[PDB]
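Below is one structure, written out as structure tokens, with a few remarks after it.
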Amino acid sequence: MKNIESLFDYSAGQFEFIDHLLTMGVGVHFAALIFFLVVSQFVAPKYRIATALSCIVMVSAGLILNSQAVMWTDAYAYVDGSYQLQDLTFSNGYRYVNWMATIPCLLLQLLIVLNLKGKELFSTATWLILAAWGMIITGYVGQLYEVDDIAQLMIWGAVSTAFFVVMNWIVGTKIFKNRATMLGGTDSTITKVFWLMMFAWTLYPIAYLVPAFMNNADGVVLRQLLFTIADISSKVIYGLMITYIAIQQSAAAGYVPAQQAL
Ligand SMILES: CCCCCCCC/C=C\CCCCCCCC(=O)OC[C@H](O)CO
Ligand SMILES: *C/C=C(C)/C=C/C=C(C)/C=C/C1=C(C)CCCC1(C)C
Ligand SMILES: CCCCCCCC/C=C\CCCCCCCC(=O)O
Ligand SMILES: CCCCCCCC/C=C\CCCCCCCC(=O)O
Ligand SMILES: [Br-]
Ligand SMILES: [Br-]
Ligand SMILES: [Br-]
Ligand SMILES: [Br-]
Ligand SMILES: [Br-]
Ligand SMILES: [Br-]
Ligand SMILES: [Br-]
């Protein structure tokens, strides 16, 4: 009731497009899961946790997308030419709770391939996860108001954006100060990962603001489209680049299965 999805009836085309976006997302993540599983054997032990974290992200995201898909079809029924709300079973909040889990995994695998270790790894990961959780929690509270109090959505979103900016400053600083440690030419690749991250993660706050500038059924569809683009880019494409960096550094470090795989 606190999300704009509950305010509208949906045409068959809108309803089925959203359903298909979610089910396609399930398939893409679970297909990627198998890929990350199989290639982990070609990653040196020092970096293998990075590929395992991608497996965890894939199944976490895939399970939540699958839950959303079923909740979507549970909540609406085709009545008198449109899909109409029948039950209070759909909200975007499950995405937020999930981010609490997937964002730390995405950040940790970056720090691993940057060759951080020991106290700097633990300390950097701690500040980053705290900043990320602050961002997610304040965003979560904000979107509880996307129907009733747009002013409060904006203020919680400004607080959330402050955490986001500080998080990105930490990430960028560690990347640019440590890329000279990277092997196999991946000092060039990691800079592209950072820019991919900036692009993909910024799509989420744009989706968060849809209720302010497109409060109608097509805005609901656009938000799910943006989430889909952002999810694939921030989790799947990002994970593929992290895995490439892990294998390339594994090979440059003399790990034979990595060398043969490449
Ligand atoms: C809610 C309103 C708040 C509005 C606030 C607007 C400020 C945005 C400016 C920068 C964002 C920081 C993004 C992080 C970019 C990377 C920075 C970095 O990596 O620094 C390089 C380092 O200094 C070299 O070694
Ligand atoms: C796979 C999911 C990812 C990488 C989620 C990332 C989410 C964000 C970067 C969220 C950012 C937000 C803001 C900066 C302000 C508005 C509220 C959020 C939480 C959507
Ligand atoms: C309040 C929340 C704080 C959460 C802090 C999280 C701490 C995570 C610390 C680092 C995890 C590293 C574990 C994997 C080791 C990889 C090193 C390697 O195998 O080469
Ligand atoms: C239970 C798991 C959550 C772990 C939280 C620990 C990390 C803390 C990070 C920043 C907290 C930001 C506080 C925002 C809460 C105010 C919203 C409200 O209470 O209405
Ligand atoms: Br239609
Ligand atoms: Br239509
Ligand atoms: Br190793
Ligand atoms: Br997720
Ligand atoms: Br179905
Ligand atoms: Br490259
Ligand atoms: Br939201």
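Naming scheme: A, B, ... for chains in displayed order of the structure tokens; residues 1 onward per chain; ligands 1 onward as shown.
Around ligand 5, the neighbouring residues within 12 Å, taking only C-alpha atoms and all ligand atoms, come to residues 9, 10, 11, 12, 13, 14, 15, 16, 17, 78, 81, 82 and 83 of chain A.
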Within segment 157-221 of chain A, find each residue whose DSSP state, derived from the backbone, is alpha helix (DSSP H), and express the selection as a PDB file with N, CA, C and O atoms, in the first residue's frame.
```
ATOM      1  N   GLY A 157      16.146  10.463   0.599  1.00  0.00           N
ATOM      2  CA  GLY A 157      16.982  10.185  -0.553  1.00  0.00           C
ATOM      3  C   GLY A 157      18.216  11.056  -0.598  1.00  0.00           C
ATOM      4  O   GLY A 157      19.251  10.645  -1.126  1.00  0.00           O
ATOM      5  N   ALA A 158      18.130  12.270  -0.056  1.00  0.00           N
ATOM      6  CA  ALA A 158      19.308  13.126   0.028  1.00  0.00           C
ATOM      7  C   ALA A 158      20.293  12.595   1.056  1.00  0.00           C
ATOM      8  O   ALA A 158      21.506  12.604   0.820  1.00  0.00           O
ATOM      9  N   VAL A 159      19.794  12.137   2.206  1.00  0.00           N
ATOM     10  CA  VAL A 159      20.655  11.496   3.188  1.00  0.00           C
ATOM     11  C   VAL A 159      21.298  10.257   2.588  1.00  0.00           C
ATOM     12  O   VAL A 159      22.501  10.010   2.762  1.00  0.00           O
ATOM     13  N   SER A 160      20.505   9.453   1.876  1.00  0.00           N
ATOM     14  CA  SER A 160      21.028   8.241   1.248  1.00  0.00           C
ATOM     15  C   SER A 160      22.105   8.574   0.226  1.00  0.00           C
ATOM     16  O   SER A 160      23.129   7.878   0.135  1.00  0.00           O
ATOM     17  N   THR A 161      21.885   9.626  -0.560  1.00  0.00           N
ATOM     18  CA  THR A 161      22.848  10.019  -1.573  1.00  0.00           C
ATOM     19  C   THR A 161      24.164  10.464  -0.950  1.00  0.00           C
ATOM     20  O   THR A 161      25.224  10.249  -1.546  1.00  0.00           O
ATOM     21  N   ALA A 162      24.128  11.062   0.241  1.00  0.00           N
ATOM     22  CA  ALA A 162      25.378  11.406   0.914  1.00  0.00           C
ATOM     23  C   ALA A 162      26.201  10.161   1.229  1.00  0.00           C
ATOM     24  O   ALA A 162      27.426  10.157   1.057  1.00  0.00           O
ATOM     25  N   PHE A 163      25.551   9.097   1.717  1.00  0.00           N
ATOM     26  CA  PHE A 163      26.278   7.862   1.963  1.00  0.00           C
ATOM     27  C   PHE A 163      26.858   7.309   0.670  1.00  0.00           C
ATOM     28  O   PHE A 163      27.975   6.784   0.652  1.00  0.00           O
ATOM     29  N   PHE A 164      26.076   7.379  -0.412  1.00  0.00           N
ATOM     30  CA  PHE A 164      26.497   6.869  -1.722  1.00  0.00           C
ATOM     31  C   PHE A 164      27.751   7.570  -2.202  1.00  0.00           C
ATOM     32  O   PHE A 164      28.675   6.933  -2.713  1.00  0.00           O
ATOM     33  N   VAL A 165      27.790   8.892  -2.055  1.00  0.00           N
ATOM     34  CA  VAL A 165      28.928   9.680  -2.511  1.00  0.00           C
ATOM     35  C   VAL A 165      30.175   9.320  -1.713  1.00  0.00           C
ATOM     36  O   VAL A 165      31.265   9.149  -2.278  1.00  0.00           O
ATOM     37  N   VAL A 166      30.041   9.200  -0.392  1.00  0.00           N
ATOM     38  CA  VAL A 166      31.193   8.862   0.426  1.00  0.00           C
ATOM     39  C   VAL A 166      31.676   7.455   0.112  1.00  0.00           C
ATOM     40  O   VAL A 166      32.883   7.195   0.052  1.00  0.00           O
ATOM     41  N   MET A 167      30.744   6.525  -0.078  1.00  0.00           N
ATOM     42  CA  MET A 167      31.115   5.169  -0.458  1.00  0.00           C
ATOM     43  C   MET A 167      31.913   5.174  -1.752  1.00  0.00           C
ATOM     44  O   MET A 167      32.943   4.503  -1.856  1.00  0.00           O
ATOM     45  N   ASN A 168      31.449   5.936  -2.750  1.00  0.00           N
ATOM     46  CA  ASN A 168      32.132   5.972  -4.041  1.00  0.00           C
ATOM     47  C   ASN A 168      33.504   6.621  -3.929  1.00  0.00           C
ATOM     48  O   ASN A 168      34.444   6.223  -4.627  1.00  0.00           O
ATOM     49  N   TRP A 169      33.636   7.618  -3.056  1.00  0.00           N
ATOM     50  CA  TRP A 169      34.944   8.220  -2.831  1.00  0.00           C
ATOM     51  C   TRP A 169      35.918   7.202  -2.245  1.00  0.00           C
ATOM     52  O   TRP A 169      37.068   7.116  -2.680  1.00  0.00           O
ATOM     53  N   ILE A 170      35.469   6.394  -1.286  1.00  0.00           N
ATOM     54  CA  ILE A 170      36.344   5.368  -0.730  1.00  0.00           C
ATOM     55  C   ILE A 170      36.759   4.380  -1.810  1.00  0.00           C
ATOM     56  O   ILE A 170      37.945   4.076  -1.973  1.00  0.00           O
ATOM     57  N   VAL A 171      35.786   3.872  -2.565  1.00  0.00           N
ATOM     58  CA  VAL A 171      36.063   2.910  -3.635  1.00  0.00           C
ATOM     59  C   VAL A 171      37.042   3.489  -4.642  1.00  0.00           C
ATOM     60  O   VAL A 171      38.041   2.855  -5.004  1.00  0.00           O
ATOM     61  N   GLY A 172      36.765   4.703  -5.121  1.00  0.00           N
ATOM     62  CA  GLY A 172      37.620   5.298  -6.127  1.00  0.00           C
ATOM     63  C   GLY A 172      39.028   5.531  -5.617  1.00  0.00           C
ATOM     64  O   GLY A 172      40.005   5.304  -6.334  1.00  0.00           O
ATOM     65  N   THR A 173      39.149   5.949  -4.358  1.00  0.00           N
ATOM     66  CA  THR A 173      40.468   6.211  -3.806  1.00  0.00           C
ATOM     67  C   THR A 173      41.296   4.932  -3.731  1.00  0.00           C
ATOM     68  O   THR A 173      42.476   4.936  -4.095  1.00  0.00           O
ATOM     69  N   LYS A 174      40.691   3.829  -3.275  1.00  0.00           N
ATOM     70  CA  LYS A 174      41.423   2.576  -3.172  1.00  0.00           C
ATOM     71  C   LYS A 174      41.818   2.049  -4.544  1.00  0.00           C
ATOM     72  O   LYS A 174      42.921   1.511  -4.723  1.00  0.00           O
ATOM     73  N   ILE A 175      40.922   2.168  -5.515  1.00  0.00           N
ATOM     74  CA  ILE A 175      41.244   1.722  -6.866  1.00  0.00           C
ATOM     75  C   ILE A 175      42.437   2.497  -7.414  1.00  0.00           C
ATOM     76  O   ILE A 175      43.432   1.914  -7.857  1.00  0.00           O
ATOM     77  N   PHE A 176      42.370   3.825  -7.379  1.00  0.00           N
ATOM     78  CA  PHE A 176      43.431   4.591  -8.012  1.00  0.00           C
ATOM     79  C   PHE A 176      44.753   4.518  -7.248  1.00  0.00           C
ATOM     80  O   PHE A 176      45.807   4.672  -7.863  1.00  0.00           O
ATOM     81  N   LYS A 177      44.731   4.246  -5.950  1.00  0.00           N
ATOM     82  CA  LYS A 177      45.973   4.106  -5.211  1.00  0.00           C
ATOM     83  C   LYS A 177      46.549   2.697  -5.240  1.00  0.00           C
ATOM     84  O   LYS A 177      47.695   2.510  -4.822  1.00  0.00           O
ATOM     85  N   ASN A 178      45.799   1.705  -5.714  1.00  0.00           N
ATOM     86  CA  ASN A 178      46.277   0.328  -5.699  1.00  0.00           C
ATOM     87  C   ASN A 178      46.331  -0.324  -7.066  1.00  0.00           C
ATOM     88  O   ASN A 178      46.754  -1.479  -7.168  1.00  0.00           O
ATOM     89  N   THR A 186      45.767  -5.753 -15.776  1.00  0.00           N
ATOM     90  CA  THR A 186      44.443  -5.481 -15.226  1.00  0.00           C
ATOM     91  C   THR A 186      44.388  -4.145 -14.489  1.00  0.00           C
ATOM     92  O   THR A 186      43.308  -3.761 -14.026  1.00  0.00           O
ATOM     93  N   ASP A 187      45.521  -3.448 -14.355  1.00  0.00           N
ATOM     94  CA  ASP A 187      45.484  -2.079 -13.852  1.00  0.00           C
ATOM     95  C   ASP A 187      44.668  -1.189 -14.774  1.00  0.00           C
ATOM     96  O   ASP A 187      44.096  -0.186 -14.330  1.00  0.00           O
ATOM     97  N   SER A 188      44.602  -1.540 -16.057  1.00  0.00           N
ATOM     98  CA  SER A 188      43.748  -0.813 -16.988  1.00  0.00           C
ATOM     99  C   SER A 188      42.292  -1.259 -16.880  1.00  0.00           C
ATOM    100  O   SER A 188      41.372  -0.436 -16.985  1.00  0.00           O
ATOM    101  N   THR A 189      42.068  -2.556 -16.674  1.00  0.00           N
ATOM    102  CA  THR A 189      40.710  -3.078 -16.635  1.00  0.00           C
ATOM    103  C   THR A 189      39.950  -2.563 -15.420  1.00  0.00           C
ATOM    104  O   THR A 189      38.758  -2.261 -15.517  1.00  0.00           O
ATOM    105  N   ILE A 190      40.624  -2.465 -14.267  1.00  0.00           N
ATOM    106  CA  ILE A 190      39.942  -2.090 -13.027  1.00  0.00           C
ATOM    107  C   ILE A 190      39.351  -0.691 -13.117  1.00  0.00           C
ATOM    108  O   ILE A 190      38.298  -0.410 -12.522  1.00  0.00           O
ATOM    109  N   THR A 191      40.005   0.212 -13.854  1.00  0.00           N
ATOM    110  CA  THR A 191      39.468   1.557 -14.028  1.00  0.00           C
ATOM    111  C   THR A 191      38.142   1.528 -14.778  1.00  0.00           C
ATOM    112  O   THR A 191      37.235   2.316 -14.484  1.00  0.00           O
ATOM    113  N   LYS A 192      38.011   0.614 -15.750  1.00  0.00           N
ATOM    114  CA  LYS A 192      36.748   0.466 -16.465  1.00  0.00           C
ATOM    115  C   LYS A 192      35.661  -0.124 -15.566  1.00  0.00           C
ATOM    116  O   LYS A 192      34.488   0.242 -15.685  1.00  0.00           O
ATOM    117  N   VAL A 193      36.034  -1.042 -14.677  1.00  0.00           N
ATOM    118  CA  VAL A 193      35.076  -1.569 -13.715  1.00  0.00           C
ATOM    119  C   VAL A 193      34.514  -0.436 -12.864  1.00  0.00           C
ATOM    120  O   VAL A 193      33.311  -0.386 -12.604  1.00  0.00           O
ATOM    121  N   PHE A 194      35.376   0.481 -12.409  1.00  0.00           N
ATOM    122  CA  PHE A 194      34.900   1.589 -11.585  1.00  0.00           C
ATOM    123  C   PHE A 194      33.863   2.426 -12.322  1.00  0.00           C
ATOM    124  O   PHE A 194      32.844   2.818 -11.744  1.00  0.00           O
ATOM    125  N   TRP A 195      34.107   2.710 -13.602  1.00  0.00           N
ATOM    126  CA  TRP A 195      33.163   3.519 -14.373  1.00  0.00           C
ATOM    127  C   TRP A 195      31.882   2.754 -14.668  1.00  0.00           C
ATOM    128  O   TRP A 195      30.789   3.337 -14.652  1.00  0.00           O
ATOM    129  N   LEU A 196      31.988   1.455 -14.942  1.00  0.00           N
ATOM    130  CA  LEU A 196      30.785   0.638 -15.068  1.00  0.00           C
ATOM    131  C   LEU A 196      29.963   0.696 -13.788  1.00  0.00           C
ATOM    132  O   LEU A 196      28.728   0.796 -13.836  1.00  0.00           O
ATOM    133  N   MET A 197      30.639   0.631 -12.636  1.00  0.00           N
ATOM    134  CA  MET A 197      29.947   0.691 -11.351  1.00  0.00           C
ATOM    135  C   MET A 197      29.224   2.012 -11.176  1.00  0.00           C
ATOM    136  O   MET A 197      28.061   2.048 -10.743  1.00  0.00           O
ATOM    137  N   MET A 198      29.912   3.122 -11.457  1.00  0.00           N
ATOM    138  CA  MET A 198      29.295   4.435 -11.310  1.00  0.00           C
ATOM    139  C   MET A 198      28.034   4.538 -12.155  1.00  0.00           C
ATOM    140  O   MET A 198      27.008   5.052 -11.697  1.00  0.00           O
ATOM    141  N   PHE A 199      28.094   4.052 -13.399  1.00  0.00           N
ATOM    142  CA  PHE A 199      26.936   4.125 -14.284  1.00  0.00           C
ATOM    143  C   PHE A 199      25.802   3.255 -13.766  1.00  0.00           C
ATOM    144  O   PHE A 199      24.681   3.739 -13.551  1.00  0.00           O
ATOM    145  N   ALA A 200      26.092   1.978 -13.512  1.00  0.00           N
ATOM    146  CA  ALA A 200      25.053   1.027 -13.168  1.00  0.00           C
ATOM    147  C   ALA A 200      24.409   1.358 -11.830  1.00  0.00           C
ATOM    148  O   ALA A 200      23.184   1.289 -11.702  1.00  0.00           O
ATOM    149  N   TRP A 201      25.213   1.701 -10.815  1.00  0.00           N
ATOM    150  CA  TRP A 201      24.639   1.960  -9.500  1.00  0.00           C
ATOM    151  C   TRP A 201      23.814   3.250  -9.479  1.00  0.00           C
ATOM    152  O   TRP A 201      22.907   3.387  -8.656  1.00  0.00           O
ATOM    153  N   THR A 202      24.119   4.202 -10.355  1.00  0.00           N
ATOM    154  CA  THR A 202      23.349   5.446 -10.388  1.00  0.00           C
ATOM    155  C   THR A 202      21.961   5.246 -10.977  1.00  0.00           C
ATOM    156  O   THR A 202      21.076   6.087 -10.757  1.00  0.00           O
ATOM    157  N   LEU A 203      21.724   4.137 -11.685  1.00  0.00           N
ATOM    158  CA  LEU A 203      20.385   3.884 -12.198  1.00  0.00           C
ATOM    159  C   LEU A 203      19.392   3.620 -11.073  1.00  0.00           C
ATOM    160  O   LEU A 203      18.193   3.891 -11.229  1.00  0.00           O
ATOM    161  N   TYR A 204      19.857   3.079  -9.947  1.00  0.00           N
ATOM    162  CA  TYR A 204      18.944   2.794  -8.842  1.00  0.00           C
ATOM    163  C   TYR A 204      18.308   4.057  -8.280  1.00  0.00           C
ATOM    164  O   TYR A 204      17.078   4.076  -8.103  1.00  0.00           O
ATOM    165  N   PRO A 205      19.048   5.118  -7.963  1.00  0.00           N
ATOM    166  CA  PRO A 205      18.374   6.328  -7.461  1.00  0.00           C
ATOM    167  C   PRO A 205      17.453   6.953  -8.490  1.00  0.00           C
ATOM    168  O   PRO A 205      16.458   7.589  -8.118  1.00  0.00           O
ATOM    169  N   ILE A 206      17.744   6.784  -9.779  1.00  0.00           N
ATOM    170  CA  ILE A 206      16.809   7.244 -10.800  1.00  0.00           C
ATOM    171  C   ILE A 206      15.502   6.466 -10.715  1.00  0.00           C
ATOM    172  O   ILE A 206      14.412   7.049 -10.777  1.00  0.00           O
ATOM    173  N   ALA A 207      15.586   5.139 -10.555  1.00  0.00           N
ATOM    174  CA  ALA A 207      14.382   4.341 -10.331  1.00  0.00           C
ATOM    175  C   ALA A 207      13.652   4.765  -9.057  1.00  0.00           C
ATOM    176  O   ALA A 207      12.416   4.816  -9.027  1.00  0.00           O
ATOM    177  N   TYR A 208      14.403   5.054  -7.990  1.00  0.00           N
ATOM    178  CA  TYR A 208      13.814   5.494  -6.724  1.00  0.00           C
ATOM    179  C   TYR A 208      12.959   6.747  -6.894  1.00  0.00           C
ATOM    180  O   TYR A 208      11.982   6.938  -6.161  1.00  0.00           O
ATOM    181  N   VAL A 210      11.246   7.707  -9.668  1.00  0.00           N
ATOM    182  CA  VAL A 210      10.141   7.616 -10.623  1.00  0.00           C
ATOM    183  C   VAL A 210       8.830   8.110 -10.014  1.00  0.00           C
ATOM    184  O   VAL A 210       8.068   8.805 -10.700  1.00  0.00           O
ATOM    185  N   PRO A 211       8.509   7.779  -8.759  1.00  0.00           N
ATOM    186  CA  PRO A 211       7.230   8.251  -8.200  1.00  0.00           C
ATOM    187  C   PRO A 211       7.094   9.760  -8.204  1.00  0.00           C
ATOM    188  O   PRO A 211       5.965  10.273  -8.237  1.00  0.00           O
ATOM    189  N   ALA A 212       8.209  10.490  -8.158  1.00  0.00           N
ATOM    190  CA  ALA A 212       8.149  11.943  -8.133  1.00  0.00           C
ATOM    191  C   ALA A 212       7.866  12.540  -9.507  1.00  0.00           C
ATOM    192  O   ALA A 212       7.246  13.606  -9.586  1.00  0.00           O
ATOM    193  N   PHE A 213       8.299  11.887 -10.592  1.00  0.00           N
ATOM    194  CA  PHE A 213       8.182  12.485 -11.912  1.00  0.00           C
ATOM    195  C   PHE A 213       7.371  11.674 -12.911  1.00  0.00           C
ATOM    196  O   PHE A 213       7.085  12.185 -13.999  1.00  0.00           O
ATOM    197  N   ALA A 217       1.004   4.178 -14.386  1.00  0.00           N
ATOM    198  CA  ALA A 217       1.314   2.785 -14.657  1.00  0.00           C
ATOM    199  C   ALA A 217       2.549   2.640 -15.546  1.00  0.00           C
ATOM    200  O   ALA A 217       3.307   1.680 -15.396  1.00  0.00           O
ATOM    201  N   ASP A 218       2.790   3.588 -16.452  1.00  0.00           N
ATOM    202  CA  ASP A 218       3.988   3.479 -17.283  1.00  0.00           C
ATOM    203  C   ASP A 218       5.257   3.777 -16.487  1.00  0.00           C
ATOM    204  O   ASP A 218       6.326   3.247 -16.808  1.00  0.00           O
ATOM    205  N   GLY A 219       5.159   4.611 -15.454  1.00  0.00           N
ATOM    206  CA  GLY A 219       6.284   4.794 -14.549  1.00  0.00           C
ATOM    207  C   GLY A 219       6.618   3.545 -13.757  1.00  0.00           C
ATOM    208  O   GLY A 219       7.789   3.290 -13.445  1.00  0.00           O
ATOM    209  N   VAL A 220       5.602   2.755 -13.409  1.00  0.00           N
ATOM    210  CA  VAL A 220       5.845   1.468 -12.770  1.00  0.00           C
ATOM    211  C   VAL A 220       6.642   0.560 -13.695  1.00  0.00           C
ATOM    212  O   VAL A 220       7.574  -0.126 -13.271  1.00  0.00           O
ATOM    213  N   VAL A 221       6.273   0.538 -14.978  1.00  0.00           N
ATOM    214  CA  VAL A 221       6.988  -0.284 -15.948  1.00  0.00           C
ATOM    215  C   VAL A 221       8.402   0.233 -16.150  1.00  0.00           C
ATOM    216  O   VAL A 221       9.362  -0.546 -16.233  1.00  0.00           O
TER     217      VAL A 221
END
```
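For the choices A:43, A:71, A:246, A:63, the atom-to-atom distance to ligand 9 is smallest for A:71 when using only C-alpha atoms and all ligand atoms.
Using only C-alpha atoms, the shortest contact distance between residue 113 of chain A and any of A:233, A:51, A:92, A:67 is found at A:51.
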Nearest residue to residue 224 of chain A from the set A:181, A:40, A:68, A:84 (distances using only C-alpha atoms): A:68
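Inspection of the environment of ligand 4, which uses only C-alpha atoms and all ligand atoms and a cut-off of 6 Å, identifies the neighbouring residues as residues 130, 133, 134, 137 and 138 of chain A.
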Would you put the residues from that selection into a file with N, CA, C and O atoms, as an mmCIF file, in the first residue's frame?
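part.cif was written with the following content:
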```
data_model
loop_
_atom_site.group_PDB
_atom_site.id
_atom_site.type_symbol
_atom_site.label_atom_id
_atom_site.label_comp_id
_atom_site.auth_asym_id
_atom_site.auth_seq_id
_atom_site.Cartn_x
_atom_site.Cartn_y
_atom_site.Cartn_z
ATOM 1 N N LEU A 130 29.390 -0.377 6.122
ATOM 2 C CA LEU A 130 28.622 0.542 6.955
ATOM 3 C C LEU A 130 28.016 1.656 6.113
ATOM 4 O O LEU A 130 26.841 1.999 6.272
ATOM 5 N N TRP A 133 25.196 0.146 3.982
ATOM 6 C CA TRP A 133 23.993 -0.127 4.758
ATOM 7 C C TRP A 133 23.272 1.165 5.130
ATOM 8 O O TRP A 133 22.034 1.222 5.105
ATOM 9 N N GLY A 134 24.024 2.211 5.477
ATOM 10 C CA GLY A 134 23.395 3.495 5.726
ATOM 11 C C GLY A 134 22.626 3.998 4.521
ATOM 12 O O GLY A 134 21.516 4.516 4.650
ATOM 13 N N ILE A 137 19.412 1.587 4.112
ATOM 14 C CA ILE A 137 18.396 1.753 5.149
ATOM 15 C C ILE A 137 17.657 3.071 4.971
ATOM 16 O O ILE A 137 16.428 3.128 5.078
ATOM 17 N N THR A 138 18.390 4.154 4.692
ATOM 18 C CA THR A 138 17.739 5.450 4.525
ATOM 19 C C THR A 138 16.910 5.481 3.253
ATOM 20 O O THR A 138 15.827 6.083 3.218
#
```
Expected selection as a ChimeraX atom specification for ligand 3 within 7 Å, only C-alpha atoms and all ligand atoms: /A:45-47,49,108,112,117,121-122,125-126,129-130
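Across segment 33-197 of chain A, DSSP run on the backbone finds strand (DSSP E) at residues 76, 77, 78, 79, 82, 83, 84 and 85 of chain A.
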Output C-alpha atoms for every residue in the selection just made, as a compact mmCIF listing (two decimals), in the first residue's frame.
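Dumped everything to result-v9.txt:
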```
# COMPACT_ATOMS: atom_id res chain seq x y z
CA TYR A 76 -3.23 -9.22 -9.57
CA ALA A 77 -6.03 -10.86 -11.53
CA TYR A 78 -7.36 -10.09 -15.00
CA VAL A 79 -10.83 -8.63 -14.39
CA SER A 82 -7.32 -5.12 -16.95
CA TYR A 83 -5.13 -6.57 -14.22
CA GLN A 84 -6.48 -5.35 -10.89
CA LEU A 85 -5.06 -5.62 -7.40
```
Neighbour list for segment 73-75 of chain A as a VMD selection string, cut-off 6 Å, only C-alpha atoms, skip fewer than 5 positions in-chain: chain A and resid 85 to 87 89
Keeping N, CA and C atoms for every residue in the selection just given, could you write it to a file as a JSON list (two decimals), in the first residue's frame?
```json
[["chain", "number", "residue", "atom", "x", "y", "z"],
["A", 85, "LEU", "N", -5.62, -5.14, -8.66],
["A", 85, "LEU", "CA", -5.06, -5.62, -7.40],
["A", 85, "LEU", "C", -6.08, -6.48, -6.67],
["A", 86, "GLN", "N", -5.65, -7.67, -6.26],
["A", 86, "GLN", "CA", -6.47, -8.58, -5.47],
["A", 86, "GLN", "C", -5.94, -8.78, -4.06],
["A", 87, "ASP", "N", -4.63, -8.74, -3.87],
["A", 87, "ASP", "CA", -4.03, -9.07, -2.58],
["A", 87, "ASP", "C", -2.78, -8.23, -2.37],
["A", 89, "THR", "N", 0.45, -8.35, -1.70],
["A", 89, "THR", "CA", 1.60, -9.24, -1.68],
["A", 89, "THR", "C", 2.80, -8.73, -2.48]]
```
Contacts of residue 103 of chain A at 9 Å or less, counting only C-alpha atoms, minus same-chain residues fewer than 3 places along, as a PDB file with N, CA and C atoms, in the first residue's frame?
```pdb
ATOM      1  N   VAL A  57      25.932 -13.803  -5.182  1.00  0.00           N
ATOM      2  CA  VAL A  57      25.125 -12.687  -5.670  1.00  0.00           C
ATOM      3  C   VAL A  57      24.085 -13.175  -6.664  1.00  0.00           C
ATOM      4  N   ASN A  98      17.315  -7.143   0.251  1.00  0.00           N
ATOM      5  CA  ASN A  98      18.298  -7.977  -0.416  1.00  0.00           C
ATOM      6  C   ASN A  98      19.600  -7.222  -0.660  1.00  0.00           C
ATOM      7  N   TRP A  99      19.506  -5.947  -1.046  1.00  0.00           N
ATOM      8  CA  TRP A  99      20.708  -5.162  -1.296  1.00  0.00           C
ATOM      9  C   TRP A  99      21.620  -5.180  -0.086  1.00  0.00           C
ATOM     10  N   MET A 100      21.040  -5.276   1.116  1.00  0.00           N
ATOM     11  CA  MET A 100      21.835  -5.365   2.327  1.00  0.00           C
ATOM     12  C   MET A 100      22.828  -6.508   2.232  1.00  0.00           C
ATOM     13  N   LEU A 106      29.312  -7.560  -3.643  1.00  0.00           N
ATOM     14  CA  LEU A 106      29.872  -6.877  -4.803  1.00  0.00           C
ATOM     15  C   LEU A 106      31.089  -6.050  -4.414  1.00  0.00           C
ATOM     16  N   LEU A 107      31.035  -5.394  -3.253  1.00  0.00           N
ATOM     17  CA  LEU A 107      32.176  -4.589  -2.826  1.00  0.00           C
ATOM     18  C   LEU A 107      33.362  -5.458  -2.437  1.00  0.00           C
ATOM     19  N   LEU A 108      33.109  -6.561  -1.733  1.00  0.00           N
ATOM     20  CA  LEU A 108      34.206  -7.392  -1.255  1.00  0.00           C
ATOM     21  C   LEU A 108      34.977  -8.001  -2.415  1.00  0.00           C
ATOM     22  N   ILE A 129      30.927  -1.253   3.991  1.00  0.00           N
ATOM     23  CA  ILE A 129      29.668  -1.934   4.269  1.00  0.00           C
ATOM     24  C   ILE A 129      28.788  -1.079   5.160  1.00  0.00           C
ATOM     25  N   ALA A 132      27.385   1.543   2.907  1.00  0.00           N
ATOM     26  CA  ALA A 132      26.383   0.969   2.015  1.00  0.00           C
ATOM     27  C   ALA A 132      25.095   0.677   2.764  1.00  0.00           C
ATOM     28  N   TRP A 133      25.196   0.146   3.982  1.00  0.00           N
ATOM     29  CA  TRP A 133      23.993  -0.127   4.758  1.00  0.00           C
ATOM     30  C   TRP A 133      23.272   1.165   5.130  1.00  0.00           C
TER      31      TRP A 133
END
```
Distance criterion (only C-alpha atoms and all ligand atoms): nearest to ligand 7 out of A:32, A:247, A:37, A:262: A:247
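The residue that comes closest to residue 236 of chain A, out of A:3, A:23, A:54, A:249 and on the basis of only C-alpha atoms, is A:54.
Atom CA of residue 56 of chain A lies 27.2 Å from atom 15 (C, counted along the ligand's line) of ligand 1.
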